[PDB]
Structure formats: C-alpha cells, structure tokens
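First, one chain by itself: the form deposited in one PDB entry, in structure tokens.
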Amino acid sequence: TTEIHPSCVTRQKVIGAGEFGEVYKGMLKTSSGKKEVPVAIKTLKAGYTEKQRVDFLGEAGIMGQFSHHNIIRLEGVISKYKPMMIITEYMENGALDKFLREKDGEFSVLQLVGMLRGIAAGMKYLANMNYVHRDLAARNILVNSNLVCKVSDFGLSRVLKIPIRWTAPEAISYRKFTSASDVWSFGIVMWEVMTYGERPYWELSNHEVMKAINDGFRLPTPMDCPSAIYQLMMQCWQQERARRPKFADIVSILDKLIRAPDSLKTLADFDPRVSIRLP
C-alpha cells in the first residue's frame, strides 16, 4: 500500500455508513500535485482496539495486492496520522443491491448480464490470486457512473458472522470456505441482480433457508430471466462443491451469451405464484 499524507486528502460529503463509521466522498491529490481524483474515504475512529486495527489495515493490505478492472482500486492509506483512513476509487452509484432497488426494471437483460460478467471477472481474478472472499453479495459490489461493477469489502477475505443465505452449505456447517463456496455466493448474486435486489428467500428465516436448501429446493427463477442465466445460477448451487462451475467457466459462459445475444431471448418460465383470472 501507499502511505498518503493528510494534506493531500479533502473530505467533501457523507456517502454512507459502515462497520468503521463512517464513509466520505472526497478528493485525493496525486502525482505530486498534478492529478486530482475523486475517492471514497473510510475512517477508523479513535479508541479502536488492536483487533479493529488489524482488520481495518488488513482489508487495505488485501486490496493493495490487486490490479483488476472489476476490483475496487486502493489509492492508499493514512496510518501514520489519526484518524486512520482507507482511500479507494469513488464509485458514484454506491452499493449494487441498493442501486438496483432504486432502478427497478430500468435496465435491459443484456445490461444485467454484463454486470454479472464484470463481477465474475473480478471474482475469477480474486480466486486465482488465492483469496476467498467469504462475503460475496450484491451489497459488497460497487457501481460507478458507467455501470461498471467492482468487487469490494474485503474485511472478511482471507488467503487460502457471515450471512447464511449467501453461504454454501459446507461453509455454513464445516467453515470450509473456498472459491467453490464463493461460487455458491455468486449464484445468489446472480439472483439478486436479475431481481433488482430482492431479498434471497424473502421472508424465510435462516433456519428455514437451511431447511429448504438441504432438502434440495432452490431459489425460483426471477421474472424476465434468460433460461441460460437461471441454469447457470442453479449450477452454482450444486450441493457437491466439486460439481459447481469454476469462476473461469462462469466468465466463459457469460461471455459466449453476451456475444450471441439472441441466446438470452429464451426465457425460463416465471412460476405463476399468483393466479389472476380475466376474460
């Protein structure tokens, strides 16, 4: 990571809150003053514990190892001065789940699939770098003004509480977190994207979600969802982890679909939950 001097960072506005309250949008002066880039700034408030510092700076240490279009860029950190700060590229549309919920129905199928391809490319890179994310969910994807989606929030990532309904069965039960359990999570992210940010499994409790999954039941198809896309998410949810696609398979399949876009016009049947009978 690069150590940034506080004189090079301005905080302009509050853009969201998180674990280490809070997150600002600001500007970062770079290249000895010739360049100026918009940034997000996460701060660690005074009184933090040793664990909190290890987790806070560890996230930046992980992010700083990566250089990929679909992974949030770390500009640098302020650790020599307080409060400590992690400074990342600014993503104008924030978290993907909240963004889609505010854009319900407004994107095309091709656009949604392109977002998933970007996420998959970032995850393929991450897994190939020998990391497991463990917390892959649309809330942890960020979106810029150009609709590019980037993996973020590496607080739980590791080199080789987590929300149950994004987590593969073997990671829930045995704490066996691998790229294959991340593939399960990616399948849930596919469902989140295609539904414009619906809550996986709706009103089911965590125990009810585990009951359904272990009985072989899976999330139903989203409305207006290409058959190939639903088939792919179903494969990500294979009980046996060795049967799930690898991230390289996911990227390749999504690429083939995007480049032959009539392939996305064959839709999976949306199951009529509600019978409305008219003439």
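One-based numbering along the sequence shown. Superpose the two forms; the largest set of C-alphas matching within 1.5 Å is the rigid core.
Another form exists, deposited in another entry; not displayed. Remarks below refer to it.
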Select from 44, 225, 232, 254 the only position whose Cα moves 2 Å or more between the shown form and the other one when the core is aligned. 44
Align both forms on the core first, then report whether residue 210 has a C-alpha shift of 2 Å or more between the shown form and the other one. no
Fitting the rigid core first, would the Cα of residue 83 be found 2 Å or more away between the shown form and the other one? yes
Flag for residue 19, CA shift 2 Å or larger between the shown form and the other one after aligning core: yes
